[PDB]
Amino acid sequence: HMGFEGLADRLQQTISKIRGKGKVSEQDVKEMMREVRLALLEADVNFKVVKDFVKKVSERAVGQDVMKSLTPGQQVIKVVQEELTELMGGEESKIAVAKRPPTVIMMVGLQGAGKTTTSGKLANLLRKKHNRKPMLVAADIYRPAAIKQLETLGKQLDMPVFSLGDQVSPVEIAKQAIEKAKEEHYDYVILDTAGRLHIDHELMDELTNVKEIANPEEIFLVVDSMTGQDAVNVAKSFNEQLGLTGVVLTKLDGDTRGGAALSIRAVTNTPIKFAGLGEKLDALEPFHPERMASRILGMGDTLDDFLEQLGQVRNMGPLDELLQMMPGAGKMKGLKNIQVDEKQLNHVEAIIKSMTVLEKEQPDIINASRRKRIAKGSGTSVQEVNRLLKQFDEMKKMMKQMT
Amino acid sequence: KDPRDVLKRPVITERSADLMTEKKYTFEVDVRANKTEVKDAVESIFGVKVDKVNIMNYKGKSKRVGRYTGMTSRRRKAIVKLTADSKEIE
Amino acid sequence: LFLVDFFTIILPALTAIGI
Amino acid sequence: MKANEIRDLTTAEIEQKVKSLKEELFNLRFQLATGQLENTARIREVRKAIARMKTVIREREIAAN
Amino acid sequence: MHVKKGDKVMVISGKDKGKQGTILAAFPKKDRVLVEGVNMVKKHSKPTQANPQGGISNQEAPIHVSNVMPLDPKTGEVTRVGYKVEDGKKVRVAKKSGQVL
RNA sequence: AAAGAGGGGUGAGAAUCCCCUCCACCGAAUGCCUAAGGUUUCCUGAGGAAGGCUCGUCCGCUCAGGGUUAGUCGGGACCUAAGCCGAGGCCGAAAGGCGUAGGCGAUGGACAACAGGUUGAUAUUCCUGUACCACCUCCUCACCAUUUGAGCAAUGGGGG
RNA sequence: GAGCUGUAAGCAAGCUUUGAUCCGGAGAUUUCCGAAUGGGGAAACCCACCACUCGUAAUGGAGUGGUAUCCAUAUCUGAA
Ligand SMILES: Nc1nc2c(ncn2[C@@H]2O[C@H](COP(=O)(O)OP(=O)(O)O)[C@@H](OP(=O)(O)OP(=O)(O)O)[C@H]2O)c(=O)[nH]1
């Protein structure tokens, strides 16, 4: 949904020049790449990653006109898209599933990254998308309000939150937590671990002790996307002093650059598994490097009863499959239209639910005063009613043309 | 002569697309083109091996707008048919 | 095109189809 | 661009840029006919460029003879 | 055409007599010029791209250029024009003074 | 000039439009190929202001897309009849008329593909199987002789 | 010296004070028929020869330039 908006803005005007011109020249690719290189540098992408990326794209883009003279510029875009995709990890990296339940997932990171919130988001995702039965664990004893924060999120999910207070070691908390999860048949155990503002020795000593007693199948670093290269460095230090298997990037809804997301793989070899997209518990999505690459480049992929079904499936029934979300991402690339219904759509739905069942079955049976009364009940005098009838006639004509 | 200006523009139709699926491509060539040089020009530009070139030419449709009674220009449709195990044409 | 017709109907319901 | 065409060397690279330019034009017409070309002044400017680079060749030859 | 796009025009003739305005568009083929604020007319239109509402719309109609005089910058009063080379490009010297435009 | 009748279907609207079931007409044709001619009328999706000796939702009308595929079929890259033009020429107030060599000119001569399948519109033309005619040599095989010459024929005789 | 892609009300795109569109003088290209002129032809078409280039193993195919008649001059050959 969210992220990278600033890099896109920059790239997409240089992309404009090449896409329109089918012809590929030595000077054209050089020029596009100079702009691409400046945009990646200003987005705080790792410096070595930039210089390697500009090299591999430019090499492929001048054998590509030799590759193909058909749709040549649209070929240059496909190379950039393919390299952006590899740069953010090849393909979706799915959650591990232990051979024997429970799967123990360790959440680590620095204070303020979003550990505690993301723990709750991941539990939520495991139950809704995968039909799992998770358990949250309170292993950060070093701040007050930390436990109560997790417990509060747990009460909104109806999921247990294991805690022994703040006078007991996190090694013991993790141990008992995992054994209760075995006895009571919980699929997943999510450990919310400690952390101050900066790494120290007595953070890593504790985290290695917890890994030891817990033998986790996944160790996720939760890291703030808006910190750019500082996030890449936090990743490097965690991956070296214990083992990371994954990364959760938080606060993409405030990250217009994307430096961290374009750099984590190449510097640490750790894959990005999820993105946080907001404060609520349901703002977590799997990281899909194709679709972000496509995003960055502006590249995509009974009349009354039918109206009621369209209103149900369009207003609150959003959620397509078979790459429907991928081709419809960003309003299907905007579609050259800057107007959304919103309250206009709400008024259209209110005008739609202004007629009887017979009027819904036969829309042409309404007399002039017959839907003058309906317009008085709806709020638009004749304008909304006649626009709705014109739209229904246009939809009928389109259905007759399609059939 | 130049191999580029032999082939003017392609034809995109449902019948044309069925011929694309059956591996015979269609083009529109200039009105004085030749079967041999359509074959030579498509082999020169696209680097594929052909079996046949099947050329017809079309008369002009008579189109009127109001008082004006003109005729659309003539076209020479040229179907090339590629070999087995050759590169496709995009 | 049933999917294209459904997308056009959704666009007309959201705002309006081009005529 | 005409001063650039005079100022560049005489014999062959005008022909190479005519040839290279011609391929782009051929590609460009195909894109317009299939209907997914965005900008249409490119066809016009490539045609004007081909015309001026041919007329610099003929002006050079009639000056040489 | 004695005026240019971006002048400080005071109109002479019409219903709108004697009001200020800046030229946004000159149409020298028809000798009409579009001064802002004059000939405010009501256009009816059913389609409008970028979120159709239809409705009446208030626009400006062009006026003929002989209902137009530019302004002398020193006194602010309208005057005729003249042309004089100021060591380089030609400039429009307004009458009754020596300054330009 | 002549035979329709009823039930469904669409539409705002029908005897007139589409489907069905009976009935009737032509059948050395009112059937099937194909010339001269016409020039897009052919096919599909829409329209009903004009054209339709009435209506019309229908069309040989109106709008937008599409559709005519050849070595063998017909004509050229082969021949000639009547006839026409005609280098030089012979005439003739001027323009021009006639005419030799030469050429043009099928309604004739010669000449290599056919039987099955296909789509809304093309089919000895596209697809499948099996062929045939003219020409060419990076090649493979046999024979002859590279001057007491193998082989080829020419716009010339002769048979046809 | 600031509006312009005609007629023509069009945004799918772009060009211009590093001087566009517009106006004048001199240049370049100027397909094909047409006295039409390589041969024919039913106007806008068909079929060639020679020389040099492109391509094929070669035949097929293409490009460029010559190829009408009469007259004047010059050269060669000059039949019964
Ligand atoms: N917009 C957005 N916010 C996220 C996201 N993930 C986490 N946060 C916010 O970051 C802040 C830290 O979250 P915690 O869950 O406490 O992280 P921690 O355990 O690592 O310390 C929280 O709000 P906070 O403390 O109130 O933030 P602030 O007031 O310090 O700025 C949280 O709402 C995300 O994906 N999008």
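The first residue you see is number 1, and the count goes up from there.
We read in the header that electron microscopy, 3.3 Å was used to get this structure.
Cβ atoms are placed via backbone N, Cα and C, with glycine included.
Here's what Swiss-Prot has on this protein:
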BINDING   A:109-116, A:192-196, A:250-253  GTP binding site
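Features reported for this protein in the PDB entry:
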SEQADV    A:1-3  expression tag
Inset, instruction - May I ask which residues of the same chain, at least 6 positions away in sequence, place their Cβ under 8 angstroms from the Cβ of A:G109 (GTP binding site)? - result: A:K115, A:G195, A:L221, A:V222, A:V223, A:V234, A:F238
Inset, instruction - Could you tally the C-beta atoms, other than its own, that fall within 10 angstroms of the C-beta of A:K115 (GTP binding site)? - result: 26
Legend entry - All-chain count of other Cβ atoms within 10 Å of A:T193 (GTP binding site): 24
Legend entry - Listed binding-site residues with Cβ under 6 Å from ligand 1, out of A:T193, A:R196, A:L252: none
